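For reference, the structure discussed in these notes is given below.
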């Protein structure tokens with residue numbers, strides 16, 4: 001699709017059989033979802049937040065369907081204001097910025 | 001142009017005589033820069049993201065040149081860890097997400 | 002309001 005930016009670019013994703021709304025975020029290196037339980041091993045990780053580093057859980061090689069487009073990659077889980085799809089998965093689905 | 005997302009979508013912007021490197025950020029409602037005297041009245045504001053909030057100054061109707069496109073709108077100034085172009089100006093230059 | 006930068 002083509003998504004304009006007059007409103008937040010929120011889309012439906014599917015992850016672990018669950019549907020969630022998430023924000024397509026070109027200003028995010030990584031994908032960060034709100035607290036939820038995910039598959040298997042995870043690595044404690046720190047990501048640089050406002051005012052300092054925030055603790056997240058890092059899950060590698062997780063399938064995520066974004067508007068029906070398949071990605072498989074790293075998903076962080078932690079205290080985010082919104083489910084955020086970052087560039088690590090936007091690139092997988094062929095997402096570009098255009099003007 | 002088309003900007004892929006393999007790397008951070010960083011561009012040099014211009015406000016008056018000043019250059020800044022800034023990130024095209026579809027996950028930001030607003031545009032925020034650090035280290036900027038700007039003309040005119042301003043009001044305090046608090047803006048949030050991963051990690052929490054920062055205090056900024058809100059200046060209205062500020063011209064920002066972005067890749068030869070002239071945006072005019074609200075620019076927030078404060079201790080952001082990255083200079084950011086948000087949806088308020090991305091819309092004006094006709095920027096969309098496409099996949 | 003939300004500026005969701007993330008490094």
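Chains as they are written, first to last, in the deposited numbering: chain B, 1 to 99; chain A, 1 to 99; chain P, 2 to 8.
Note that the Cβ used here is the ideal one computed from N, Cα and C, for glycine as well.
Three-state secondary structure assigned by DSSP to residue i
i	result
residue 25 (chain A)	coil
residue 5 (chain B)	coil
residue 97 (chain B)	strand
residue 57 (chain B)	strand
residue 10 (chain A)	strand
residue 7 (chain P)	strand
residue 90 (chain B)	helix
residue 43 (chain A)	strand
residue 50 (chain A)	coil
residue 80 (chain B)	coil
residue 31 (chain B)	coil
Among the options, nearest to residue i - alpha-carbon criterion
i	options	result
residue 68 (chain A)	A:92, A:7 and A:32	A:92
residue 44 (chain B)	B:36, B:86 and B:54	B:54
residue 16 (chain A)	A:26, A:9, A:36 and A:22	A:36
residue 66 (chain A)	A:52, A:23, A:5 and A:8	A:23
residue 48 (chain B)	A:97, A:80, A:47 and A:12	A:80
residue 39 (chain B)	B:78, B:61 and B:85	B:61
residue 56 (chain A)	A:97, A:77 and A:14	A:77
residue 19 (chain B)	B:29, B:88 and B:33	B:33
residue 64 (chain B)	B:7, B:14 and B:9	B:14
residue 97 (chain B)	A:89, A:26 and A:12	A:26
Bridge partner(s) assigned by DSSP for residue i
i	result
residue 19 (chain B)	B:14
residue 38 (chain A)	Partner(s): none; residue 38 (chain A) has no beta bridge.
residue 73 (chain B)	B:62
Quiz item: Which residues, taken in chain order from the stretch 24-49 of chain A, show a beta carbon closer than 7 angstroms to some beta carbon of chain P?
Solution: 25, 27, 28, 29, 30, 32, 47, 48 and 49
Practice problem: Quick one: which residues of the stretch 73-84 of chain A get their C-beta closer than 8 angstroms to a C-beta of chain B? List them in chain order. | Solution: 81, 82 and 84
Exercise. Give, in chain order, every residue of the stretch 83-99 of chain A whose Cβ lies closer than 9 angstroms to some Cβ of chain P.
Key: 84 and 86
Quiz item: Closer than 9 angstroms, Cβ to any Cβ of chain B: which residues of the stretch 8-21 of chain A, in chain order?
Solution: 8 and 9
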